[PDB]
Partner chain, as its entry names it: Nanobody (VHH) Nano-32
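Okay, here we've got a single chain as structure tokens, the form solved without its partner chain, with questions on binding and movement later.
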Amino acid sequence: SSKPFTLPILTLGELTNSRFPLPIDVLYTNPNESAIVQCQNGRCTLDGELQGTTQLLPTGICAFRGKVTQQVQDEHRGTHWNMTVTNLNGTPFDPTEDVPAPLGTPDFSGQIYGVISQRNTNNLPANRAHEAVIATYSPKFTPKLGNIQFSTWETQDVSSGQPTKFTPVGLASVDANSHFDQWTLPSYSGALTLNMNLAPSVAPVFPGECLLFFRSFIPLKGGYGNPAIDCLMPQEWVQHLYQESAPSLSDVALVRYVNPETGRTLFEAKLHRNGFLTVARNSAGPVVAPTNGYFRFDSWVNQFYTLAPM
């Protein structure tokens, strides 16, 4: 009688990343990854429980809302601005809630590039927008405490006490001094303080298995690089699972990547209860798969199930 588990019917070209507002470009593996994988956006259990900083809006991923309170010039170039942040729905962020940070807060170390825009509260309001960068590794990045900093090239035209939106676009840099690491969590309350209420880390537990990611290439403001952001599940999956809230019948679901044309299965994967995929693959890099393919739920299995090798 339990509601059957399902995934949406969506090709890679119909999916978007749950960790940054980007389309999914390729499926991807990296077996030799030395880092602990514990991202906080795109986290949802198979029975529909959102975790980490995950919320449902594609427009909310790596977004901030708040007001500017302080202008501090950089030593050499640019200007820093303190921003008090609210929840994305505009209500005050309550730091006593059991979340790591306001929902949508970025979940990686780096310099995030985007646009800060403002519409004044006070017969038509005045507006302004400028390019902006948020350094999530900065000691001033303390979203769990209700405050962050962003920097601009613009030196003066940011207003205080006025509603402010950050729309993310890409990364500002991937140079050594910009500290881009997609698997390093920001310190949500500042450097000396432990992050709290985190979605759990994910890993394969069967020899020969590795994580399977939905990879998107992220725009760069300048420099050399081909940076990517890998998510455990696309945003449409998070949205689907939340809607469905189907009971999980074991800790591991078997899914098949199918070509609808031929009806052929290209490979199978384990979809784990906590909301991530593993496959039996001994290499790194993109999965080369037809454009019409998608994952279909097959059955519930267990941690001891042996995946057909890719």
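Positions refer to the first chain, counted from 1. We call the rigid core the largest set of C-alpha positions that still match within 1.5 Å between the two forms. Shifts are known only where both forms have a C-alpha.
There is another form of the same protein, the form solved in complex with its partner chain; it is not shown, and what comes next is about it.
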### Query
If you check in the deposited bound form, is residue 73 within 4.5 Å of its partner chain, heavy atoms only?
no
### Query
Does its partner chain come within 4.5 Å of any heavy atom of residue 93 in the deposited bound form?
yes
### Touches its partner chain in the deposited bound form: residue 86 (any heavy atom, 4.5 Å)
yes
### Task
Evaluate residue 163 for contact with its partner chain in the deposited bound form, applying a 4.5 angstroms cut-off between non-hydrogen atoms, and reply yes or no.
yes
### Query
Can you name the residues of 266 to 302 that have a heavy atom within 4.5 Å of its partner chain in the deposited bound form?
266, 288, 289, 290, 291, 292
### Query
Hey, after the core superposition between this form and the one not shown, which of 74, 94, 175, 181 has the C-alpha moving 2 angstroms or more?
74
### Message
Suppose the core is superposed; which segments, at least 3 residues long, show C-alpha displacements of 2 Å or more throughout between this form and the one not shown?
### Response
72 to 77, 260 to 263
